[PDB]
Structure formats: structure tokens, C-alpha cells
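The figures that follow rest on heavy atoms only: side chains count, while hydrogens, waters and symmetry mates do not. Just so we're on the same page: letters track the sequence lines, and every chain starts at 1.
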Amino acid sequence: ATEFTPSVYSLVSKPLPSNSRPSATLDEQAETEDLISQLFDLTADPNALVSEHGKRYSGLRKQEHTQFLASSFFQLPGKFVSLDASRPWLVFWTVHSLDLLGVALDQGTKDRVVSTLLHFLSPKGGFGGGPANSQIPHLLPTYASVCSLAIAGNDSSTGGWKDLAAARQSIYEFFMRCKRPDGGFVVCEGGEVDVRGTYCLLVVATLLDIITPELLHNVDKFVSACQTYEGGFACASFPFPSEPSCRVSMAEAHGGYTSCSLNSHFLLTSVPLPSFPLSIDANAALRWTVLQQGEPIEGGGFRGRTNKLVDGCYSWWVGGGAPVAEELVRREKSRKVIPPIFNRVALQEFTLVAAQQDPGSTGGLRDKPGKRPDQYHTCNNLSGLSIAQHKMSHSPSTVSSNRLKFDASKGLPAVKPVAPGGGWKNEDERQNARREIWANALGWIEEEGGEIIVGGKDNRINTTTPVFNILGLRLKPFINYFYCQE
Amino acid sequence: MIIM
Amino acid sequence: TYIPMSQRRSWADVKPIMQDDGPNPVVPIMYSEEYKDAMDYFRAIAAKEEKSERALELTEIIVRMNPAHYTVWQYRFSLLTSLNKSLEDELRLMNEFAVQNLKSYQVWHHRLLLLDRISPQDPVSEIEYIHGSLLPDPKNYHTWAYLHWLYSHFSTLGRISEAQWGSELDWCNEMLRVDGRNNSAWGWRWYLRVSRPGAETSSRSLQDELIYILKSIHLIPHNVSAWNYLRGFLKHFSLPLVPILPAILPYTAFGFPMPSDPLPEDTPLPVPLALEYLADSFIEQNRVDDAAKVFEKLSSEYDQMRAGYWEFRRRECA
Ligand SMILES: CC(C)=CCC/C(C)=C/CC/C(C)=C/CONC(=O)CP(=O)(O)O
Ligand SMILES: O=S(=O)(O)C[C@H](O)CNC1CCCCC1
Ligand SMILES: O=S(=O)(O)C[C@H](O)CNC1CCCCC1
Ligand SMILES: O=S(=O)(O)C[C@H](O)CNC1CCCCC1
Ligand SMILES: [Zn+2]
């Protein structure tokens with residue numbers, strides 16, 4: 001399984017060559033190479049059969065990371081004010097990380113999570129970054145809140161899911177208020193337009209069965225035009241008027257926006273609209289993705305854009321986009337008519353050796369050595385570690401089996417579109433859409449025999465789902481609840 | 001942790 | 001010491017509203033007295049939808065303590081427009097925010113909304129401000145995105161002159177001279193030269209661009225930014241790879257720039273993306289086995305971090 005995933009310790013580490021042309025980029029790169037390679041030098045090779053003497057042991061310090069997340073989970077110092085508008089993310093980073101680490105919350109604590117998040121829900125639609133009496137709704141807290149309710153909630157009267165179901169029409173109306181004619185969404189009233197909002201909106205709309213044609217119009221075109229000449233995706237595309245005569249990407253290909261763009265596009269491929277979604281260049285996206293994996297001297301972590309530094313959070317943003325790009329490339333190959341596509345071993349080595357907090361301290365995972373761990377990097381390092389450990393693919397036979405078991409006669413009330421002709425043409429078309437969207441959302445599998453657990457089985461974490469980034473054992477009962485499947 |  | 005707002009004469013008529021967290025919230029933040037007080041009164045201000053100078057002052061107080069507070073920024077902009085405040089004065093305040101370290105998706109979007117609403121007939125002074133702001137961090141993503149938006153928005157209004165575009169390319173060229181590894185400035189060059197609707201596409205311009213790209217590769221042969229730009233350039237304009245191969249082959253060991261006869265020092269060969277170029281040029285010539293051979297060498301020897309990807313490209317050749 002490792003013929004094409006060489007360990008970082010098995011390869012010659014060498015600096016990025018200067019070509020005798022110094023620059024500020026190269027000064028930072030070289031300094032970062034020194035930092036990471038020195039930590040690898042102090043650390044026993046995780047693949048070694050007996051851990052070496054004097055060296056640091058790289059085993060995943062799951063209990064330290066649990067304690068890191070617990071201490072910040074029930075009280076945060078005053079400095080976290082800068083994240084006061086991000087508290088649903090603090091919830092999500094915590095409870096998804098605990099899911100990945102295999103640590104259960106008790107029911108009382110889960111109930112506190114649900115109650116906290118429901119106080120962020122506005123009756124007019126959507127979650128904000130804080131209580132509804134203090135913050136307006138925002139697409140990004142709405143994703144983080146919905147996913148956190150998938151992780152911590154349940155179908156009972158105190159489980160939060162019932163409240164989400166009752167909120168479907170208002171959430172939909174919030175989404176439609178966010179919609180721009182060119183296919184972008186503002187993240188909130190008066191807010192910025194980029195693929196983060198598209199991603200967060202499409203995930204929530206998929207999970208809650210509130211997708212309509214009017215919601216999706218031009219959304220595919222906005223995302224497709226975000227792809228740059230490098231093959232990744234920028235934050236947004238600009239529509240030049242003549243509807244628009246052309247669309248132009250507005251910045252660099254970036255791992256964060258490439259994740260959101262690939263995931264958004266992938267979610268759109270489930271939607272049965274004519275000539276929809278507008279295609280992307282999947283091969284160029286796959287090429288960009290694999291090119292962002294760092295060299296052995298930088299630990300095999302991912303960078304977020306060309307000529308910048310590796311960072312553990314891109315294990316999720318870039319690494320977690322790889323199965324999506326791979327599947328889109330597979331689909332185009334099949335339309336014209338298996339070795340791992342990135343170094344799954346090296347990414348785990350980066351996570352274990354470089355991205356963990358030094359042992360016996362606060363715990364947590366981090367951007368890189370020399371950076372303080374935080375909830376965000378803890379969640380995204382572990383999410384990317386999961387993608388590296390477990391070979392995830394989107395299985396057509398699984399989707400086909402899902403189609404066979406779908407019950408189109410069960411479901412929540414159809415959303416009422418804002419425009420008279422903005423819904424599905426008829427129940428045949430709406431039910432076919434519900435079936436395709438639900439069946440593909442549940443199409444990701446872990447490939448049997450594809451597991452690679454660097455450092456031994458005690459390093460294994462649970463399997464996250466590409467596109468959604470929650471465990472499948474959370475995704476399945478959650479989306480089944482809102483589509484009334486069982 | 002600035003993603004929004 | 002701090003004076004509570006319940007003790008302020010200007011605020012004596014306002015009953016603050018407490019944060020509605022519910023009984024025992026998770027991830028609670030231990031807010032400073034100043035921040036809690038300001039938010040208690042903002043909740044009251046926002047609930048009654050008061051548009052006033054004191055509400056404006058309160059929003060500034062809050063976004064200084066938390067520049068990421070998108071709700072308060074939204075309220076602040078609605079105050080500016082409701083009160084017909086000087087948006088030029090607000091821009092001057094936003095210059096200081098980024099100066100006093102206060103930055104965010106919200107500060108940058110606020111600046112964009114200001115520029116959109118002012119709608120200057122000539123945005124040159126904002127262009128120059130943005131150029132200056134890139135000195136501390138020349139790769140600041142929001143800033144590069146904002147610069148793209150500024151040129152795109154005001155060019156749709158017909159307000160970017162040919163002189164302005166030309167000075168912008170001059171500025172971009174200087175950025176890449178100071179750091180040819182600045183991928184953000186490479187992306188900007190692509191906008192200026194290729195993607196923007198007003199870009200010239202002629203035989204001259206394609207020749208000039210290819211000269212600039214090749215010169216850049218020969219200056220820094222291992223610069224991924226220059227290689228990706230070359231590959232995007234050729235792909236975008238449907239240009240064959242083979243005619244340029246003479247300038248690339250020395251890195252895989254006429255009339256366009258060639259490598260320096262003694263290659264610069266610290267240039268270990270082969271350059272993997274040069275091999276990628278060679279392999280794709282073999283595919284262009286339908287020499288699929290010669291391409292597979294280069295992919296195999298990238299996989300097994302010259303770019304082993306991507307051993308699996310390069311093996312995938314090798315298998316595709318069959
Ligand atoms: C679902 C969401 C909220 C996805 C957001 C994912 C990310 C990480 C988007 C990136 C945001 C961004 C470009 C911030 C700019 O500042 N960050 C950096 O400069 C880090 P680097 O040097 O690695 O590019
Ligand atoms: O690194 S982790 O696995 O997350 C947690 C630490 O190892 C705990 N170390 C204890 C030391 C004393 C004996 C019992 C274990
Ligand atoms: O009934 S709804 O509109 O869904 C929810 C209420 O309006 C809450 N509005 C808040 C007031 C204080 C500032 C943040 C918003
Ligand atoms: O299941 S196996 O992969 O063969 C081997 C185990 O997981 C090894 N885990 C270590 C055991 C001793 C304490 C530190 C971790
Ligand atoms: Zn990071």
C-alpha cells in the first residue's frame with residue numbers, strides 16, 4: 001500500500017534551491033525548512049519497529065489533545081473576544097475533533113451544545129456567530145452550527161434536529177436573501193461574496209433538503225470561474241456585464257478556497273438540472289492539489305498556495321480536497337471512453353511529528369513548529385490526518401444502492417420558493433432531485449484494505465467524510481432525519 | 001483562526 | 001479607570017440588553033468589562049434600530065475591541081449611509097485600522113463598500129494606497145483580492161485609463177523584480193496581461209509575454225510560480241509546447257530567451273517541472289512511451305513526494 005507513499009525519513013531532505021537569487025520568500029522558506037527538519041531529526045521515525053532511544057516519540061497524543069479541547073470548551077479567556085463572532089466554529093472544531101479522537105460527550109454536555117447553538121438561530125432564518133439577540137445570521141456559522149448539531153444532537157425533543165427541521169423554510173429564505181444574480185452569495189446582509197459562503201450554503205441546503213432551481217441558478221458558473229491558471233481556485237469570480245459577458249477569478253489559487261470550490265462543485269454534480277453544473281478543469285485541480293504537498297525537508301505537509309509555507313490546517317483544505325478532485329478526474333476519464341494520489345504516509349508523518357504540540361504541555365495541534373496550537377488547527381490537522389489514514393472514494397455502486405433504497409414518499413414539506421416559478425417543475429422532478437442529492441451525499445466510502453496507519457494502530461482516528469467533514473456515522477442519521485429515510 |  | 005455606560009449621561013435613556021446565551025452555554029468567552037458593556041448597549045441600540053451618532057461611536061468602540069464582529073460592521077455601514085456621513089473620513093479611519101493592526105474579512109469588505117458607494121471618478125489614490133499597504137505583507141490575500149475587485153469594478157464603469165493600466169503593469173513588474181517568488185504578483189500579472197477583458201491579444205503581446213515568462217524561468221529555474229504561469233499561458237492560448245522545448249531541455253538533464261550558458265549556481269538538475277514539461281511535450285507528439293518514461297523517473301527518482309501522482313500519469317500513457 002506504500003510503494004508510492006515514501007516515508008519522509010526514507011527520502012533525501014534538501015533545501016529548496018536558491019538559483020543564486022535570494023528573496024524574502026526564500027528566506028522564510030529556508031527558515032521553515034530548518035525548523036521542521038530539525039524537529040523531524042529529534043523525533044523517532046514513526047515507521048520504526050522499536051522506538052529509538054533519546055528521540056521523541058511521535059505517537060498521537062490523543063489524551064493531551066482531548067484535554068486541550070476540554071479546557072477551552074467550557075471557558076475561554078478574554079483574548080478569544082476576537083473569535084466572539086466565530087463561536088459556532090469553536091463548537092464545531094471541538095466536537096468534530098472529539099468525534100475524530102473517538103471521545104464521547106455525555107448527554108448533558110451534548111444538550112448544552114444543542115442549547116447553545118439553538119440560541120444562535122434567528123427566527124427569520126440562519127445561525128449567527130453568537131446569540132440571535134446579538135448577531136445577525138451568517139452562512140459560515142450556519143454551516144458550523146448545522147454540522148455541530150449533526151455531531152451533538154439527536155431526533156428527540158431536546159436534540160435540536162426538530163428545531164432545524166422547523167427552520168427549513170426560514171433558512172432557505174435567508175439563503176435566497178443572500179443570493180446574487182451572478183451566482184455568488186453574500187455571507188450575511190451586506191457581507192462579502194466568495195466560495196466559502198457557497199460551500200457553507202450548499203452543504204446546509206443539501207443536508208436539510210432545501211435545494212431548488214432558483215437557489216442554484218448561476219452558482220455553478222460563479223464557482224467554475226474561480227479556477228485560476230494554476231488549477232486551484234480563488235475566493236471569487238467577477239462578473240463583467242454584457243447575463244455577464246465573462247467572469248474572471250479575483251486572486252490566487254488557495255487551498256481554503258480550492259477546498260470550498262471543489263466541494264461546492266461536487267455537491268452540484270448531484271443536482272439534476274440541464275447542462276448543470278458548468279464543468280471545471282478537474283485535471284488541473286488535481287495537479288494543483290498534489291503540487292502543494294511539501295518536500296521531505298518540510299515534513300510532507302501541505303502549503304496553501306505556491307511559494308508559501310506548509311501549514312497543518314491544509315491537511316484538511318488541500319488533502320481533503322484530493323478525493324474530490326480524484327473522483328472528478330475519474331468521471332471525466334469515464335466520459336472520454338490504483339496508486340494513492342498524494343503521499344498519504346508523509347502527511348501523517350507531518351501530523352504526528354510536526355503538527356502536534358510538544359509532549360507534556362497544553363496539547364493541541366498547530367500550523368507548524370513555533371506556532372501555538374488552537375482549536376482550528378486541531379480540527380483541521382485531525383481531519384486531514386483522517387483523509388490520509390483512510391482511503392476515501394465516492395462509490396457509484398454505493399450511490400446506486402442508495403438510489404435503490406430511497407423512499408421518495410417520505411419527506412418534510414417542500415420549500416416554498418421566493419419566486420413563483422423558482423421551484424422544481426413537478427413532483428417527479430423534485431423527488432428525482434431529492435433522490436440524487438441524498439444518494440450522492442451518502443456515496444463516500446472508506447475502501448476496504450486501503451487503511452494506512454503510520455506509527456501503528458493506536459494512531460488511528462475515525463473516518464471523516466470528504467466534502468462535509470463530519471463522520472459518516474453522524475452524516476447518515478442526520479441527513480436521513482431531514483429526508484425522512486430509515 | 002481567522003476563517004471568517 | 002473605566003466609567004460604565006449606565007453612568008454616562010449620553011446613554012442614561014438606554015436600557016441595556018443582556019446577551020441571550022441560554023442557561024449554561026458552551027465555548028463561553030470571559031469578556032472584558034468594556035466589551036460586555038458595549039455589547040449590552042449595542043444590543044439595545046440595534047433592537048430599537050437607532051441610527052445616531054452615539055450608535056456610530058459605539059460601533060467604532062466595539063470593532064476596535066473585535067475587528068471581526070461582522071454584525072457591528074454591518075450596523076456601522078448602515079449608520080454611515082443613514083446619517084449621510086463623510087465616507088472619505090471613514091476611509092481615513094480605515095487607513096488607521098489596518099495601521100493599528102486591526103484587520104479582517106470585515107475591515108476589507110467595509111473598505112470595498114466605501115469605495116463602491118463613494119464611486120470616485122478616478123480611483124488612483126485608492127490604488128496607490130493598496131500598493132503601499134502591501135509593503136508589510138506583499139502576499140496578503142485579502143489585499144490582492146481587493147485590488148482585483150477595485151480594477152474590475154472601476155473598469156466596468158469605464159474609469160481605468162490606458163495610462164492607469166500601464167502604470168499598474170509597471171508596478172507589478174517591480175513587485176516581481178523585488179521577489180520573483182511572489183505568486184500573488186504573478187497572479188496579478190495574469191489579470192493585467194491575460195484575463196482582464198481589456199487585455200490585448202496580438203502576435204506582439206503573446207511574443208512579449210513568452211519572453212517575460214522564459215526570462216523569469218532562466219532567472220530562477222526552480223521557481224514554481226514561473227513554471228505554472230508558463231503552463232497556464234500555453235494552455236490558455238492553445239500554444240504547442242514543442243517549439244519552446246529548446247529553452248526548457250537544459251533543465252531536464254530559436255529566437256526566444258535561453259538559459260544562461262553557465263547555469264546559475266545552486267541550480268540542481270533536473271528541475272522536476274521541466275521534466276513535467278518534457279513529458280507533456282512527448283504527449284503532444286503522441287510519443288506516449290517516451291512520456292511514460294519521464295513520468296516514471298519523476299515518480300521513482302526526481303519528485304518522489306509525488307510518486308503516486310506521477311505513477312498515475314505514467315499509467316495514463318497506456
Ligand atoms: C468553510 C470555510 C470557512 C473555509 C475557509 C478555508 C480557508 C482556510 C480559507 C482561506 C482564507 C484566507 C486566504 C486567508 C488569508 O490569510 N491567510 C494566509 O495568508 C495563510 P497562507 O500563507 O498559508 O496562504
Ligand atoms: O500522550 S497521551 O497519550 O495523550 C497522555 C499522556 O501520555 C499520559 N501519560 C501518563 C503518564 C503516567 C502514566 C499514565 C499515562
Ligand atoms: O426575528 S429575527 O430578525 O429573526 C432575530 C432578531 O431580529 C434579532 N436581531 C438582533 C438584534 C441585535 C443585533 C443582531 C440581530
Ligand atoms: O496494533 S499495532 O499497530 O500492531 C501496535 C500498537 O498500536 C502500538 N501502540 C503503541 C503501544 C505501546 C504504547 C504506545 C503506542
Ligand atoms: Zn493554518
Structural part of A/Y257 lying under 4.5 Å from a heavy atom of chain B: neither
Do the rings of A/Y199 and A/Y143 sit parallel, tilted or perpendicular, given the 30° and 60° boundaries? tilted
Just to verify, which of A/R303, A/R305, A/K308 counts as forming a salt bridge (charged side-chain N to carboxylate O under 4.0 Å, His left out) with A/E252? A/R305
What part of A/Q375 lies closer than 4.5 angstrom to a heavy atom of chain B: side chain, backbone, both or neither? both
In Å and rounded to the nearest 0.5 Å, what is the OH to CG distance from A/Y314 to A/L309? 9.5 Å
Region of A/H138 that comes under 4.5 Å of a non-hydrogen atom in chain B: side chain
Sidechain N-carboxylate O distance under 4.0 Å for A/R366, A/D311: no
Measuring heavy-atom distances to chain A, does B/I2 have an atom under 4.5 Å in its side chain, in its backbone, in both, or in neither? neither
